[PDB]
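Colleague: Pasting data.cif here (mmCIF, C-alpha atoms and all ligand atoms):
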```
data_final
loop_
_atom_site.group_PDB
_atom_site.id
_atom_site.type_symbol
_atom_site.label_atom_id
_atom_site.label_comp_id
_atom_site.auth_asym_id
_atom_site.auth_seq_id
_atom_site.Cartn_x
_atom_site.Cartn_y
_atom_site.Cartn_z
ATOM 1 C CA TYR A 15 106.377 87.646 85.504
ATOM 2 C CA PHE A 16 109.599 88.486 87.457
ATOM 3 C CA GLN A 17 113.282 87.799 86.541
ATOM 4 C CA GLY A 18 115.683 86.828 89.322
ATOM 5 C CA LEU A 19 119.355 85.830 89.335
ATOM 6 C CA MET A 20 118.445 82.108 89.288
ATOM 7 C CA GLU A 21 115.078 81.764 87.497
ATOM 8 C CA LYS A 22 111.914 83.486 86.121
ATOM 9 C CA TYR A 23 108.789 83.556 88.306
ATOM 10 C CA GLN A 24 105.092 83.692 87.412
ATOM 11 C CA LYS A 25 102.959 85.517 90.067
ATOM 12 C CA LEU A 26 99.975 83.448 91.346
ATOM 13 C CA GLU A 27 97.683 84.074 94.410
ATOM 14 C CA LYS A 28 98.367 86.340 97.440
ATOM 15 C CA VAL A 29 99.249 83.866 100.262
ATOM 16 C CA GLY A 30 100.196 86.557 102.844
ATOM 17 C CA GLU A 31 100.549 90.271 103.607
ATOM 18 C CA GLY A 32 103.053 92.542 105.360
ATOM 19 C CA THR A 33 104.129 96.002 106.569
ATOM 20 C CA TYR A 34 106.196 96.732 103.394
ATOM 21 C CA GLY A 35 104.557 94.451 100.846
ATOM 22 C CA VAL A 36 102.536 91.406 99.863
ATOM 23 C CA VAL A 37 103.577 87.718 99.826
ATOM 24 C CA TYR A 38 102.411 85.823 96.714
ATOM 25 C CA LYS A 39 102.510 82.201 95.591
ATOM 26 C CA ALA A 40 104.563 81.808 92.388
ATOM 27 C CA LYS A 41 105.778 79.294 89.807
ATOM 28 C CA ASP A 42 109.167 78.540 88.251
ATOM 29 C CA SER A 43 109.635 78.231 84.463
ATOM 30 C CA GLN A 44 110.344 74.513 85.258
ATOM 31 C CA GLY A 45 107.124 74.324 87.394
ATOM 32 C CA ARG A 46 108.549 74.479 90.999
ATOM 33 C CA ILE A 47 106.326 76.504 93.421
ATOM 34 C CA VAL A 48 107.902 79.331 95.482
ATOM 35 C CA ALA A 49 106.943 82.445 97.547
ATOM 36 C CA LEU A 50 107.604 86.039 96.551
ATOM 37 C CA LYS A 51 107.928 88.526 99.403
ATOM 38 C CA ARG A 52 107.711 92.054 97.894
ATOM 39 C CA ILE A 53 109.449 94.946 99.793
ATOM 40 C CA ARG A 54 108.586 98.637 98.948
ATOM 41 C CA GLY A 61 115.411 103.508 104.850
ATOM 42 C CA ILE A 62 113.399 100.304 104.139
ATOM 43 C CA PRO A 63 115.942 98.831 101.546
ATOM 44 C CA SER A 64 118.597 98.581 104.330
ATOM 45 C CA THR A 65 116.238 96.349 106.437
ATOM 46 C CA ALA A 66 115.668 93.982 103.431
ATOM 47 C CA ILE A 67 119.451 93.822 102.690
ATOM 48 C CA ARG A 68 120.153 92.836 106.332
ATOM 49 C CA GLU A 69 117.358 90.220 106.131
ATOM 50 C CA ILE A 70 118.845 88.671 102.890
ATOM 51 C CA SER A 71 122.420 88.614 104.313
ATOM 52 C CA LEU A 72 121.232 86.797 107.482
ATOM 53 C CA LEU A 73 119.050 84.357 105.486
ATOM 54 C CA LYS A 74 122.025 83.510 103.244
ATOM 55 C CA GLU A 75 124.032 82.431 106.374
ATOM 56 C CA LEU A 76 121.158 80.196 107.626
ATOM 57 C CA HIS A 77 120.783 76.941 105.664
ATOM 58 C CA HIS A 78 118.766 74.492 107.762
ATOM 59 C CA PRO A 79 115.544 72.409 107.414
ATOM 60 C CA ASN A 80 114.010 74.514 110.233
ATOM 61 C CA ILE A 81 114.778 77.879 108.656
ATOM 62 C CA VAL A 82 112.875 79.233 105.613
ATOM 63 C CA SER A 83 115.186 78.938 102.564
ATOM 64 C CA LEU A 84 115.913 82.065 100.522
ATOM 65 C CA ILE A 85 116.516 80.939 96.949
ATOM 66 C CA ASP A 86 116.735 84.148 94.928
ATOM 67 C CA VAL A 87 116.280 87.933 94.995
ATOM 68 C CA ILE A 88 114.595 90.104 92.342
ATOM 69 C CA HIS A 89 115.833 93.695 92.239
ATOM 70 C CA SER A 90 113.539 96.420 90.801
ATOM 71 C CA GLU A 91 113.855 100.203 91.080
ATOM 72 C CA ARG A 92 110.400 100.068 92.737
ATOM 73 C CA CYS A 93 110.650 96.887 94.868
ATOM 74 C CA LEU A 94 113.037 94.264 96.375
ATOM 75 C CA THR A 95 111.493 90.766 96.005
ATOM 76 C CA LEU A 96 112.639 87.860 98.194
ATOM 77 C CA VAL A 97 112.222 84.411 96.710
ATOM 78 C CA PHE A 98 111.544 81.680 99.271
ATOM 79 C CA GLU A 99 110.628 77.980 99.279
ATOM 80 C CA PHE A 100 106.821 77.760 99.537
ATOM 81 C CA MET A 101 105.059 77.074 102.885
ATOM 82 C CA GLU A 102 101.255 76.421 102.922
ATOM 83 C CA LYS A 103 100.545 77.937 106.401
ATOM 84 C CA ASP A 104 101.925 79.590 109.557
ATOM 85 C CA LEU A 105 101.439 78.754 113.318
ATOM 86 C CA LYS A 106 99.033 81.719 113.874
ATOM 87 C CA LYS A 107 96.691 80.092 111.238
ATOM 88 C CA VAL A 108 97.112 76.696 112.943
ATOM 89 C CA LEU A 109 96.241 78.237 116.366
ATOM 90 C CA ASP A 110 93.166 79.933 114.803
ATOM 91 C CA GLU A 111 91.786 76.388 113.923
ATOM 92 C CA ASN A 112 92.595 75.151 117.498
ATOM 93 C CA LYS A 113 91.286 77.805 119.950
ATOM 94 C CA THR A 114 91.843 75.359 122.911
ATOM 95 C CA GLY A 115 95.366 74.171 121.992
ATOM 96 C CA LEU A 116 97.065 71.504 119.954
ATOM 97 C CA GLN A 117 97.324 67.749 120.324
ATOM 98 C CA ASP A 118 100.202 66.816 122.693
ATOM 99 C CA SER A 119 102.209 64.921 120.020
ATOM 100 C CA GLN A 120 102.021 68.010 117.691
ATOM 101 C CA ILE A 121 103.106 70.480 120.468
ATOM 102 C CA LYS A 122 106.113 68.149 120.944
ATOM 103 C CA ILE A 123 106.886 68.020 117.160
ATOM 104 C CA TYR A 124 106.524 71.784 116.572
ATOM 105 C CA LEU A 125 108.483 72.719 119.741
ATOM 106 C CA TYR A 126 111.387 70.419 118.841
ATOM 107 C CA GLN A 127 111.676 71.949 115.330
ATOM 108 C CA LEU A 128 111.333 75.505 116.684
ATOM 109 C CA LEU A 129 114.213 74.726 119.138
ATOM 110 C CA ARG A 130 116.358 73.099 116.428
ATOM 111 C CA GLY A 131 116.030 76.065 114.022
ATOM 112 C CA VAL A 132 116.850 78.519 116.867
ATOM 113 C CA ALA A 133 119.794 76.338 118.042
ATOM 114 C CA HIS A 134 121.161 76.577 114.418
ATOM 115 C CA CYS A 135 120.737 80.400 114.537
ATOM 116 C CA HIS A 136 122.471 80.650 117.939
ATOM 117 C CA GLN A 137 125.353 78.330 116.767
ATOM 118 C CA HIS A 138 125.768 80.769 113.765
ATOM 119 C CA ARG A 139 125.765 83.770 116.184
ATOM 120 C CA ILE A 140 122.387 85.155 115.024
ATOM 121 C CA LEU A 141 119.397 85.917 117.290
ATOM 122 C CA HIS A 142 115.884 85.898 115.718
ATOM 123 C CA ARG A 143 114.388 88.412 118.259
ATOM 124 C CA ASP A 144 110.847 88.264 116.767
ATOM 125 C CA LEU A 145 109.678 84.668 117.337
ATOM 126 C CA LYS A 146 105.853 84.537 117.372
ATOM 127 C CA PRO A 147 103.339 82.109 115.714
ATOM 128 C CA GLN A 148 102.784 84.249 112.547
ATOM 129 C CA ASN A 149 106.650 84.151 111.925
ATOM 130 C CA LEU A 150 106.691 80.359 112.308
ATOM 131 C CA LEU A 151 105.873 78.844 108.881
ATOM 132 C CA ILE A 152 104.422 75.321 108.413
ATOM 133 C CA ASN A 153 104.350 73.560 104.993
ATOM 134 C CA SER A 154 102.047 70.861 103.526
ATOM 135 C CA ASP A 155 104.077 68.125 105.447
ATOM 136 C CA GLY A 156 103.963 69.715 108.975
ATOM 137 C CA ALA A 157 107.563 70.998 108.965
ATOM 138 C CA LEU A 158 107.957 74.042 111.189
ATOM 139 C CA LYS A 159 110.451 76.662 109.852
ATOM 140 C CA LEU A 160 111.643 80.063 111.193
ATOM 141 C CA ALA A 161 110.911 83.068 109.013
ATOM 142 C CA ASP A 162 110.976 86.910 109.106
ATOM 143 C CA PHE A 163 114.642 87.725 109.999
ATOM 144 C CA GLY A 164 113.765 91.466 109.865
ATOM 145 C CA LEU A 165 114.759 92.087 113.501
ATOM 146 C CA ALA A 166 117.519 89.444 113.613
ATOM 147 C CA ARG A 167 120.838 90.398 115.290
ATOM 148 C CA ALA A 168 124.219 89.029 114.168
ATOM 149 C CA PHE A 169 126.839 88.972 116.973
ATOM 150 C CA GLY A 170 129.167 91.997 116.889
ATOM 151 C CA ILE A 171 126.991 93.966 114.404
ATOM 152 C CA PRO A 172 125.201 97.037 115.823
ATOM 153 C CA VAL A 173 121.364 97.261 115.911
ATOM 154 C CA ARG A 174 119.854 99.935 113.539
ATOM 155 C CA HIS A 178 110.913 101.215 113.397
ATOM 156 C CA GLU A 179 107.497 99.447 113.067
ATOM 157 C CA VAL A 180 104.802 99.021 115.779
ATOM 158 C CA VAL A 181 104.915 95.302 116.759
ATOM 159 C CA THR A 182 103.445 93.103 119.560
ATOM 160 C CA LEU A 183 105.539 92.821 122.768
ATOM 161 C CA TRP A 184 103.746 89.561 123.785
ATOM 162 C CA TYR A 185 106.819 87.320 123.163
ATOM 163 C CA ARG A 186 109.494 89.785 124.376
ATOM 164 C CA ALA A 187 111.761 88.863 127.354
ATOM 165 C CA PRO A 188 111.180 90.882 130.582
ATOM 166 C CA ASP A 189 114.828 92.113 130.741
ATOM 167 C CA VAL A 190 114.527 93.421 127.127
ATOM 168 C CA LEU A 191 111.209 95.199 128.028
ATOM 169 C CA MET A 192 113.123 96.687 131.025
ATOM 170 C CA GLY A 193 115.700 98.272 128.684
ATOM 171 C CA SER A 194 118.434 95.583 128.378
ATOM 172 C CA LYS A 195 120.334 96.022 125.083
ATOM 173 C CA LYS A 196 123.011 93.299 125.546
ATOM 174 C CA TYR A 197 123.331 90.344 123.086
ATOM 175 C CA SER A 198 121.830 87.216 124.649
ATOM 176 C CA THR A 199 120.600 83.923 123.154
ATOM 177 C CA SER A 200 118.176 83.978 126.164
ATOM 178 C CA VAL A 201 115.858 86.497 124.492
ATOM 179 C CA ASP A 202 114.733 83.834 121.915
ATOM 180 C CA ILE A 203 114.163 81.105 124.544
ATOM 181 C CA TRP A 204 111.696 83.396 126.337
ATOM 182 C CA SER A 205 109.663 83.747 123.082
ATOM 183 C CA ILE A 206 109.806 79.919 122.656
ATOM 184 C CA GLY A 207 108.383 79.554 126.196
ATOM 185 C CA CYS A 208 105.520 81.953 125.302
ATOM 186 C CA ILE A 209 104.915 79.903 122.079
ATOM 187 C CA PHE A 210 105.102 76.513 123.953
ATOM 188 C CA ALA A 211 102.409 77.774 126.416
ATOM 189 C CA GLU A 212 100.288 79.175 123.501
ATOM 190 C CA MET A 213 100.355 75.732 121.744
ATOM 191 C CA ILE A 214 99.150 74.133 125.032
ATOM 192 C CA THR A 215 96.153 76.429 125.680
ATOM 193 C CA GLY A 216 95.617 77.876 122.161
ATOM 194 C CA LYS A 217 95.780 81.336 123.836
ATOM 195 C CA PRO A 218 98.703 83.841 124.243
ATOM 196 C CA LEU A 219 100.407 83.514 127.642
ATOM 197 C CA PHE A 220 101.105 87.264 128.230
ATOM 198 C CA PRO A 221 98.574 89.385 126.195
ATOM 199 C CA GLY A 222 99.114 92.824 127.780
ATOM 200 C CA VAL A 223 96.465 95.437 126.785
ATOM 201 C CA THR A 224 99.055 98.159 126.034
ATOM 202 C CA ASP A 225 102.870 98.185 125.730
ATOM 203 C CA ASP A 226 102.767 99.596 129.327
ATOM 204 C CA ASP A 227 100.639 96.661 130.639
ATOM 205 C CA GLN A 228 103.259 94.119 129.299
ATOM 206 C CA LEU A 229 105.549 93.815 132.347
ATOM 207 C CA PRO A 230 102.592 93.916 134.896
ATOM 208 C CA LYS A 231 100.889 91.162 132.788
ATOM 209 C CA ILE A 232 104.082 88.914 132.868
ATOM 210 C CA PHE A 233 104.495 89.624 136.634
ATOM 211 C CA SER A 234 100.777 88.922 137.340
ATOM 212 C CA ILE A 235 101.368 85.319 136.130
ATOM 213 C CA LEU A 236 105.010 84.441 136.981
ATOM 214 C CA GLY A 237 105.300 86.807 139.976
ATOM 215 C CA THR A 238 107.138 90.131 140.339
ATOM 216 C CA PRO A 239 110.937 89.428 140.151
ATOM 217 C CA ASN A 240 112.780 89.653 143.463
ATOM 218 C CA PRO A 241 116.135 91.527 143.464
ATOM 219 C CA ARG A 242 117.613 89.062 146.048
ATOM 220 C CA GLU A 243 116.891 86.115 143.636
ATOM 221 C CA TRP A 244 117.959 88.024 140.445
ATOM 222 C CA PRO A 245 120.252 90.931 141.598
ATOM 223 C CA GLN A 246 120.699 92.276 138.022
ATOM 224 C CA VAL A 247 117.023 93.521 137.837
ATOM 225 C CA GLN A 248 118.059 96.649 139.770
ATOM 226 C CA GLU A 249 120.855 97.304 137.224
ATOM 227 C CA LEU A 250 118.169 97.510 134.378
ATOM 228 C CA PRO A 251 117.055 101.004 133.173
ATOM 229 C CA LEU A 252 113.226 100.707 133.523
ATOM 230 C CA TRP A 253 113.472 99.021 136.985
ATOM 231 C CA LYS A 254 115.163 102.239 138.300
ATOM 232 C CA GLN A 255 112.559 104.625 136.756
ATOM 233 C CA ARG A 256 109.471 102.473 137.620
ATOM 234 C CA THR A 257 107.651 100.759 140.549
ATOM 235 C CA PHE A 258 105.800 97.439 139.846
ATOM 236 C CA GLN A 259 102.907 95.845 141.820
ATOM 237 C CA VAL A 260 104.344 92.898 143.801
ATOM 238 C CA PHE A 261 102.791 89.592 142.701
ATOM 239 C CA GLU A 262 103.130 85.961 143.676
ATOM 240 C CA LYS A 263 103.662 83.343 140.940
ATOM 241 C CA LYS A 264 100.477 81.599 139.740
ATOM 242 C CA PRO A 265 100.885 77.767 140.041
ATOM 243 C CA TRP A 266 101.663 75.921 136.768
ATOM 244 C CA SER A 267 98.541 73.835 137.685
ATOM 245 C CA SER A 268 96.465 76.980 136.935
ATOM 246 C CA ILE A 269 98.561 78.334 133.968
ATOM 247 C CA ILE A 270 98.567 75.050 131.954
ATOM 248 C CA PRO A 271 96.096 72.742 133.786
ATOM 249 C CA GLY A 272 96.772 69.005 133.378
ATOM 250 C CA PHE A 273 99.832 69.250 131.078
ATOM 251 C CA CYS A 274 102.547 66.544 131.570
ATOM 252 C CA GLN A 275 105.098 67.143 134.384
ATOM 253 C CA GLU A 276 108.149 66.999 132.064
ATOM 254 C CA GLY A 277 106.568 69.656 129.793
ATOM 255 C CA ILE A 278 105.891 71.932 132.825
ATOM 256 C CA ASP A 279 109.545 71.535 133.968
ATOM 257 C CA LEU A 280 110.802 72.441 130.429
ATOM 258 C CA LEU A 281 108.452 75.458 130.172
ATOM 259 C CA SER A 282 109.587 76.651 133.697
ATOM 260 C CA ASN A 283 113.277 76.566 132.574
ATOM 261 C CA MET A 284 112.348 78.730 129.501
ATOM 262 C CA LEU A 285 110.296 81.253 131.464
ATOM 263 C CA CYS A 286 112.695 81.956 134.364
ATOM 264 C CA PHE A 287 113.497 85.695 134.826
ATOM 265 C CA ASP A 288 117.278 85.471 135.103
ATOM 266 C CA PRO A 289 118.727 85.167 131.549
ATOM 267 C CA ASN A 290 121.808 83.359 132.955
ATOM 268 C CA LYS A 291 119.560 80.589 134.434
ATOM 269 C CA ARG A 292 117.335 80.093 131.326
ATOM 270 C CA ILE A 293 117.796 76.861 129.353
ATOM 271 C CA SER A 294 119.550 77.050 125.956
ATOM 272 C CA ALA A 295 117.899 75.763 122.687
ATOM 273 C CA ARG A 296 120.301 72.739 122.554
ATOM 274 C CA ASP A 297 119.867 71.729 126.247
ATOM 275 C CA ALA A 298 116.045 72.097 125.832
ATOM 276 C CA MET A 299 116.248 69.589 122.839
ATOM 277 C CA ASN A 300 117.885 67.115 125.296
ATOM 278 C CA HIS A 301 115.282 67.631 128.023
ATOM 279 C CA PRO A 302 113.309 64.544 129.299
ATOM 280 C CA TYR A 303 110.131 66.055 127.713
ATOM 281 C CA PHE A 304 111.529 64.927 124.265
ATOM 282 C CA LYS A 305 112.576 61.415 125.476
ATOM 283 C CA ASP A 306 110.033 59.642 123.216
ATOM 284 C CA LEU A 307 110.524 61.932 120.176
ATOM 285 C CA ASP A 308 112.736 60.813 117.301
ATOM 286 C CA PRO A 309 115.505 63.490 117.075
ATOM 287 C CA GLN A 310 115.909 62.624 113.362
ATOM 288 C CA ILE A 311 112.582 64.241 112.343
HETATM 289 N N1 LIG B 1 107.848 81.067 102.325
HETATM 290 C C1 LIG B 1 106.544 81.476 102.463
HETATM 291 N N2 LIG B 1 105.551 80.658 101.900
HETATM 292 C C2 LIG B 1 104.255 81.081 102.025
HETATM 293 N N3 LIG B 1 103.755 82.155 102.694
HETATM 294 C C3 LIG B 1 104.713 82.909 103.264
HETATM 295 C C4 LIG B 1 106.119 82.652 103.191
HETATM 296 N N4 LIG B 1 106.785 83.629 103.877
HETATM 297 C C5 LIG B 1 105.859 84.460 104.355
HETATM 298 N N5 LIG B 1 104.561 84.084 104.023
HETATM 299 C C6 LIG B 1 103.273 84.707 104.429
HETATM 300 O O1 LIG B 1 103.148 86.167 104.430
HETATM 301 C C7 LIG B 1 103.500 86.714 105.733
HETATM 302 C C8 LIG B 1 104.863 87.286 105.408
HETATM 303 O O2 LIG B 1 105.219 88.305 106.263
HETATM 304 P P1 LIG B 1 106.698 88.126 106.756
HETATM 305 O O3 LIG B 1 107.646 87.063 106.133
HETATM 306 O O4 LIG B 1 106.673 87.667 108.278
HETATM 307 O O5 LIG B 1 107.091 89.590 106.550
HETATM 308 P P2 LIG B 1 106.563 90.875 107.272
HETATM 309 O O6 LIG B 1 105.719 90.470 108.547
HETATM 310 O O7 LIG B 1 107.867 91.639 107.568
HETATM 311 O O8 LIG B 1 105.819 91.846 106.406
HETATM 312 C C9 LIG B 1 103.684 85.513 106.664
HETATM 313 O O9 LIG B 1 103.409 85.743 108.073
HETATM 314 C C10 LIG B 1 102.909 84.390 105.918
HETATM 315 O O10 LIG B 1 101.445 84.552 106.188
HETATM 316 MG MG MG B 2 106.230 88.671 110.053
HETATM 317 MG MG MG B 3 109.341 92.955 108.018
#
```
Output the structure of this file as structure tokens.
Ligand SMILES: Nc1ncnc2c1ncn2[C@@H]1O[C@H](COP(=O)(O)OP(=O)(O)O)[C@@H](O)[C@H]1O
Ligand SMILES: [Mg+2]
Ligand SMILES: [Mg+2]
Modeller:
Amino acid sequence: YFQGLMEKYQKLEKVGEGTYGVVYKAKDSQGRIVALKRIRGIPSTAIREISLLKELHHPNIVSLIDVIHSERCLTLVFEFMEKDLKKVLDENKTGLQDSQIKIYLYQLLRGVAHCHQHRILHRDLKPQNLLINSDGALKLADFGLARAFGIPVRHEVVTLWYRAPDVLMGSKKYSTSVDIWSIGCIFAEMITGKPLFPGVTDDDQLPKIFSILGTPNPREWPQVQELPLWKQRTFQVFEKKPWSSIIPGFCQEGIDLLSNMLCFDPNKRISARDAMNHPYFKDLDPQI
């Protein structure tokens, strides 16, 4: 049993795990099911997370309903979600059904557009941080690395598989573009069931991106040369693999949308809102 500011919660089964604690299923005194994310320098990270979550009230963003403070641990109380996208991809090793890719991508874009409109960047979008409930609603979660505009950035070993090439090259500037890259990586992962850029080491990351989309050309994107790592490193020059080989047989409008998400120049990359209005979503009800 745990006492919050809003209600009392009865601990049930462990429904997840994490770097600083365990996520459990839980029950309200009145019966309503919830999630308890237990958090063990670390209290500052949890405080940031709560403050950002309290600014983000949207159907496509995991709802924070309460906080339990204990000398030992900070417990976040969320609406319950049955699964996550990593778990969904594990059951579909060769990709998802086309209608589902379309549903999940639209909701992922809508949640991110809400973030961006509220001047917050997620910065850690990946299938395990994309929660899916018992009704198929996709919601953003884990705002642990989120960045509010104008607030300075303040370390855990995480995957660089969804990180934008300019960020991996040392860019530190605030850009909504960093999230759209991750969305592109996720979009491609939902098509094949496999990660688009799974570099073997943190060092292999940029050569892995470049091996698929080509090595960026400074005449096309002049600002590459201005980036820190581009100055202190030499990269093997690659030609872009055709989309016909990356995502074989996927619809033309989906390939066009993906290509606008995965372009190197952050100033040319499609925004979350413009991507929602792309011909690829023509048939989809926006009121989902
Ligand atoms: N609202 C929720 N409902 C159910 N399970 C959840 C919920 N939030 C998180 N989880 C589960 O536990 C993991 C929680 O870790 P997360 O929220 O991403 O924190 P972290 O990765 O920082 O430790 C998730 O990836 C998921 O498997
Ligand atoms: Mg996480
Ligand atoms: Mg965390």
Colleague: Here is a test: counting only C-alpha atoms, which residue of A:251, A:256, A:189, A:86 is nearest to residue 290 (chain A)?
Modeller: A:189
Colleague: Can you work out which residues are within 12 Å of ligand MG 2 (chain B), considering all atoms listed in the file, and then hand them over as a PyMOL selection string?
Modeller: chain A and resi 30-37+51+69+104-106+142-151+160-166+179-182
Colleague: What would the file look like if the residues just selected were written as a compact mmCIF listing (two decimals), keeping the file's coordinate frame with C-alpha atoms?
Modeller:
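That gives us selection.txt:
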```txt
# COMPACT_ATOMS: atom_id res chain seq x y z
CA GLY A 30 100.20 86.56 102.84
CA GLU A 31 100.55 90.27 103.61
CA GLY A 32 103.05 92.54 105.36
CA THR A 33 104.13 96.00 106.57
CA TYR A 34 106.20 96.73 103.39
CA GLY A 35 104.56 94.45 100.85
CA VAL A 36 102.54 91.41 99.86
CA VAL A 37 103.58 87.72 99.83
CA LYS A 51 107.93 88.53 99.40
CA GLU A 69 117.36 90.22 106.13
CA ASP A 104 101.92 79.59 109.56
CA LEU A 105 101.44 78.75 113.32
CA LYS A 106 99.03 81.72 113.87
CA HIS A 142 115.88 85.90 115.72
CA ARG A 143 114.39 88.41 118.26
CA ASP A 144 110.85 88.26 116.77
CA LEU A 145 109.68 84.67 117.34
CA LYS A 146 105.85 84.54 117.37
CA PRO A 147 103.34 82.11 115.71
CA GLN A 148 102.78 84.25 112.55
CA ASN A 149 106.65 84.15 111.92
CA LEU A 150 106.69 80.36 112.31
CA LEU A 151 105.87 78.84 108.88
CA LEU A 160 111.64 80.06 111.19
CA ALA A 161 110.91 83.07 109.01
CA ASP A 162 110.98 86.91 109.11
CA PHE A 163 114.64 87.72 110.00
CA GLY A 164 113.76 91.47 109.86
CA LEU A 165 114.76 92.09 113.50
CA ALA A 166 117.52 89.44 113.61
CA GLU A 179 107.50 99.45 113.07
CA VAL A 180 104.80 99.02 115.78
CA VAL A 181 104.92 95.30 116.76
CA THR A 182 103.44 93.10 119.56
```
Colleague: Which residues, named as in the file, does the PyMOL selection byres (((chain A and resi 223-238) around 10) and not hetatm) pick out? Answer as number ranges by chain.
Modeller: A: 181-189, 191-192, 219-222, 239-241, 258-266, 268-269, 282, 285-287
Colleague: What does the structure give for the distance between CA of residue 303 (chain A) and CA of residue 276 (chain A), in Å to one decimal?
Modeller: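 One can read the CA of residue 303 (chain A) to CA of residue 276 (chain A) distance as 4.9 Å.
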Colleague: Taking only C-alpha atoms into account, which of A:298, A:278, A:214, A:252 comes nearest residue 130 (chain A)?
Modeller: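 Of all the options, A:298 lies closest to residue 130 (chain A).
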Colleague: Report, as lines of an AutoDock Vina configuration file, the centre and edge lengths in Å (one decimal) of the axis-aligned box enclosing every listed atom of ligand LIG 1 (chain B), padded by 5 Å on each side.
Modeller:
```
center_x = 104.7
center_y = 86.3
center_z = 105.2
size_x = 16.4
size_y = 21.2
size_z = 16.6
```
Colleague: Step by step, work through what the PyMOL selection byres (((chain A and resi 294) around 9) and not hetatm) selects in the shown file, and finish by giving those residues as a list in words.
Modeller: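 So the PyMOL selection byres (((chain A and resi 294) around 9) and not hetatm), applied here, picks out residues 129, 133, 199, 200, 203, 284, 292, 293, 295, 296, 297, 298 and 299 of chain A.
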Colleague: Name every residue that the PyMOL selection byres (((chain A and resi 273) around 12) and not hetatm) selects in this structure, writing the answer as a list in words with chains first and numbers rising.
Modeller: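 That expression, the PyMOL selection byres (((chain A and resi 273) around 12) and not hetatm), corresponds here to residues 115, 116, 117, 118, 121, 122, 210, 211, 213, 214, 215, 266, 267, 268, 269, 270, 271, 272, 274, 275, 276, 277, 278, 279, 280, 281 and 303 of chain A.
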Colleague: Given the choices A:68, A:74, A:89, A:103, which gets closest to ligand LIG 1 (chain B) if the distance is worked out from only C-alpha atoms and all ligand atoms?
Modeller: A:103
Colleague: CA of residue 169 (chain A) and CA of residue 245 (chain A), how far apart in Å?
Modeller: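 Separating CA of residue 245 (chain A) from CA of residue 169 (chain A) is a distance of 25.6 Å.
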Colleague: Calculated over only C-alpha atoms, which of the candidates A:167, A:159, A:291, A:196 has the smallest distance to residue 138 (chain A)?
Modeller: A:167
Colleague: Determine the nearest neighbour of residue 170 (chain A) from the options A:29, A:127, A:140, A:82, counting all atoms listed in the file.
Modeller: A:140
Colleague: Do a neighbour search on region 39-41 of chain A at 8 Å with only C-alpha atoms, toss out local chain neighbours closer than 3 positions, and write the hits as a list in words.
Modeller: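 My reading of the contact set: residues 23, 24, 25, 26, 27, 28, 29, 45, 46, 47, 48, 49, 50 and 100 of chain A.
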Colleague: Expressed in Å to a single decimal, how great is the separation between CA of residue 243 (chain A) and CA of residue 288 (chain A)?
Modeller: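 Going from CA of residue 243 (chain A) over to CA of residue 288 (chain A) covers 8.6 Å.
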Colleague: Determine, counting all atoms listed in the file, which protein, DNA and RNA residues have an atom within 10 Å of an atom of residue 155 (chain A); residues of the same chain fewer than 2 positions away are not included. Present the result as JSON, numbers by chain.
Modeller: {"A": [101, 102, 152, 153, 157, 158]}
Colleague: Restricting the calculation to all atoms listed in the file, which member of A:19, A:310, A:66, A:195 is positioned closest to residue 172 (chain A)?
Modeller: A:195
Colleague: Counting all atoms listed in the file, what is within 12 Å of residue 90 (chain A), bar same-chain residues fewer than 3 positions away, as a list in words?
Modeller: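 In the requested format, the answer is residues 16, 17, 18, 52, 53, 54, 63, 87, 93, 94, 95 and 96 of chain A.
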